[PDB]
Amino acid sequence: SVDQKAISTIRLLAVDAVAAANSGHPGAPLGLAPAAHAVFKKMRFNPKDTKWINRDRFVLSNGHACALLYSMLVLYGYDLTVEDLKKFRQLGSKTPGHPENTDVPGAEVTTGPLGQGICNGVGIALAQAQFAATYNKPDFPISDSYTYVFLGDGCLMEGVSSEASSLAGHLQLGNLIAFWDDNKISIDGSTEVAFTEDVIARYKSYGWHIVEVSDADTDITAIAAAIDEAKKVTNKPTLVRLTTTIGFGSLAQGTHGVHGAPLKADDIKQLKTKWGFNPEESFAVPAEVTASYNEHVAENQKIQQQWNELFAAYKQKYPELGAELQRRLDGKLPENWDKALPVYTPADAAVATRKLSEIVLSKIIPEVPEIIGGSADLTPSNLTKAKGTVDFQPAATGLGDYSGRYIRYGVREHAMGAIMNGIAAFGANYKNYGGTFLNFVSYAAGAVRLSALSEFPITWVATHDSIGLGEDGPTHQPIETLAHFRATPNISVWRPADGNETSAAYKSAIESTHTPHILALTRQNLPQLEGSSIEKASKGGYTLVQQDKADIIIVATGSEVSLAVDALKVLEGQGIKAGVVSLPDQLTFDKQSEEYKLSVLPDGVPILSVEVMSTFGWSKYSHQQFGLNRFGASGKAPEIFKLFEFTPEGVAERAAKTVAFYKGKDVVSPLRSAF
């Protein structure tokens, strides 16, 4: 049949791509081609409009199998060709060794790090449910799309997928349909050596529906029926067990050797001949297959055409909601939304930046409907919920509704991070956030790094940023954490010092379209600073206290800016004149003009950094660095600061030593470099 020919075409494109590269993973593509064929036939998508908001989404969580995904996208006429497949895994190609949403048309997310994709799918489905609950009306199914995920044994072993699957079951996400490639093979061999759990029983314990397909090597009728069955179960996510043979058809099928290395040339020849292809030909695309696939594309395009008319009719009947939806699909925030940001003066009371964050969220959530977010079981400590909002829950629970805006993630930081990526990936201008303690953002590093690589505007509300948290002690107090994330490309790491800086941090986080944000916020109260503003803090770094005859400039962040200002007063008594720079985001600062940056960190004056955590990175901005490069302590926070000499007198002492160290030396800005 043409279906059989399509499946063979997919299999052989994937194997030929791997062969051309002499690198990559043929096994799972061979095993999953029947399922991929069946799922893509059920999916609604437009290869010529990858951003249609009511498309079904597909996620390849087992991202190493990407030769499969690329083959589907090529066959369906996405902006990806056979010539791109011939450049699989080659420098600069549109067919990288794992899929990247920034590079591959039709890749919704970036996968390859196991476990992430299924969690991203949970997020896409969460967003779809929230979006549909917000906009759909009688006779106006604006959003009714599904989220299809392929995953393997590796994803099922990674703890992040357990977190997300538990939560997805709790959230009754009926439009999520995941497919487990049950092939009993991972890199170390049989799953019998390390993975003997009853996966199906575990998924039932989370509240998922199960469908089993015992011969997924051939039975596309049963795979299609499993999708139909899943669609009838509207209050549970579904796991479809696909029992497959890894490398199906290969001489080496059912072995770990077929997982991750090119097939032998003679193996590829026998594959081709057994399936009716020419063993002398590579990258064959039978025109029957193209035609069949084009039929499905044409049908899908007519569905999108009708959706566009539905949307026009919706704007007529529901003018307010229609305009809001249009704005969001155009990628634009509400006009002058930022007028809602709180502004402070130096006469206002001291406030912890976690509390300032709560206040910002309380003002901006009502103004910007595309903001949703949650906390990983730290809502009353992170202060991440705006009073009066309702939680995102299935209405059946009585605990919230899908139109809700606040997500109870539970103690699941890693899944929260990957779910945030999925919510961003959904689109419709979602600006989504997740709260935990800064030290436990580290639990989610796998996902955070992908936020940066994927260019997703997600936001971590990362409270309890330092030894300032006090008694919980060194297991809770960040040391390395800011250095880690600042060293990752494309992460804005805001550490606001006061009310105005906190508003600037949120302005940046919400306006972001391509850069994830981490907001490092305090437990302890900080004063409102003389000289701060949203405008100045929006530059990432700025001169807080200008001293035209400075003997030294002190550059600081967050809680240490007030400390630097107090140190300036101590220094004045010692006959030393200091300026103060506040550097609430190093990335934003780095992006300013060379002239702007030199106005903040000039030549001809020693510069001392002060921040109560690692000194790594700080030499970009300073000549000497006062930081904390050891673990913290359990005690009252002011006593910990005193112990480590983060006091006005301790900073002044180090400032004075810095001035003395550079006496009779020529000093140039830390911004200067040889190349």
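The first residue of the sequence shown is number 1, and the count goes up from there. Basically, rigid core = biggest C-alpha set you can superpose within 1.5 Å across the two forms.
Larger root-mean-square CA separation from the shown form, computed after a rigid core fit of the structures in 7 other deposited structures of this protein, is seen for 374 to 382 when 406 to 414 is set against 374 to 382. For the pair 347 to 355 and 383 to 391, greater average C-alpha departure from the shown form in 7 other deposited structures of this protein after core alignment is found in 383 to 391.
Higher average CA B factor: 664 to 672, of the stretches 4 to 12 and 664 to 672.
Per the PDB record, of the two stretches 384 to 392 and 119 to 127, 384 to 392 carries the greater mean B-factor over its C-alpha atoms.
Out of 519, 321, 469, 423, the entry records its largest CA B-factor for 321.
Taking the deposited Cα B-factors for 577, 414, 449, 486, the highest one is held by 577. In the PDB entry, a CA B factor belonging to the highest third of its chain's modelled residues is recorded for residue 51. Ranked by Cα temperature factor within the chain, residue 276 sits in the highest third according to the deposited record. Among the modelled residues of its chain, residue 208 has a C-alpha B-factor that falls in the middle third, as given in the PDB entry.
Looking at the C-alpha B-factors along this chain, the one for residue 45 belongs to the middle third. Remark: residue 458 belongs to the lowest third of its chain, ranked by C-alpha B-factor as recorded.
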